């Protein structure tokens, strides 16, 4: 059973993960400096012990600032905090994996991260530019080799630089390539995918459960609806009639119902908010539960429509979303 004070769930490698985390993507060009750092401090104060970030969000140093300040004020110990970082597509070449993680440790000013994941299964041309395209707008890809990249990840774990290893945006075929690798040393413990009542991931979730992989739900509130990335043809999740009526049964908001839904089925949720009130709101999901009927009601909202389709990379040989799951 899950409580505000105790809500970690086991990972297959013997580690554990707080089932709610603070998401920290925020559009760089429109986000004030300091907003992430403040939000992470507010979150930790509120009771969050998990923060999800990425070097390419351009605010990973702010996460470190926040975490190190709360440690310094003896609010938490490093051991109490779970940070997840990610290896971007431009950094999949095996010899670049460790230097890339070390860059994030410098940025964080921390000695290890709790979870390091392959951010997408697609390899992009190495370089500073996170979204490399040539003069004719053609995407500059690299040939993926998930097993060789995974081997470099394993070596980072053996060097003490990360406690747990995982993936993100992997489909079943891509998981199976790693799970079936000869000489596999560390199985992936986590797969971070989009997941919410309009995209409940029934087949992928079940597959991961069968392999002792925990799913982390990104965009668990249905995203910030940024038209650069988001399928806005889908309606806003938090305006869903049913979720809002379900919220009235418990004096909860649609967001609180949506987060409770996923954590209740052992899915980790990493809602992003840089708003003081909503950071708190999002954490108040341990003082109620959904009935089994309500869990079925919400599952039935599944449209099998993703808000985050990544359509610009549909031609990459390892584009994950052509397969059924």
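For the two forms, the rigid core is made up of the largest set of C-alpha atoms that agree within 1.5 Å on superposition. Positions refer to the first chain, counted from 1.
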task = Compare 127-135 with 156-164 and report which one shows the larger root mean square C-alpha deviation from this form in 4 other deposited structures of this protein once the rigid core is superposed.
result = 127-135
Stretch with greater C-alpha deviation in 4 other deposited structures of this protein, 224-232 versus 211-219 (rigid core superposition) = 224-232
remark   = The stretch carrying the higher mean Cα B factor in the deposited entry, 18-26 or 307-315, is 307-315
request  = Higher average CA B factor in the deposited record is what I'm after, so tell me if that's 159-167 or 133-141.
outcome  = 133-141
task = Can you pull the Cα B-factors for 243, 217, 72, 175 from the entry and say which is highest?
result = 72
key: Maximum C-alpha temperature factor, selected from 54, 279, 263, 51   = 263
inquiry  = How does the C-alpha B factor of residue 194 compare with the rest of the chain: lowest, middle or highest third?
reply    = middle
message = By the recorded C-alpha temperature factor, relative to the other modelled residues in its chain, which third is residue 270 in?
response = lowest
task = State the tercile, meaning the lowest, middle or highest third, of residue 94 with respect to the CA B-factors recorded for its chain.
result = middle
inquiry  = Using the temperature factors of the C-alpha atoms in this entry, rank residue 86 within its chain: lowest, middle or highest third.
reply    = lowest
ask   = Going by what the PDB entry lists, where does residue 234 fall on CA B-factor within its chain: lowest, middle or highest third?
value = highest
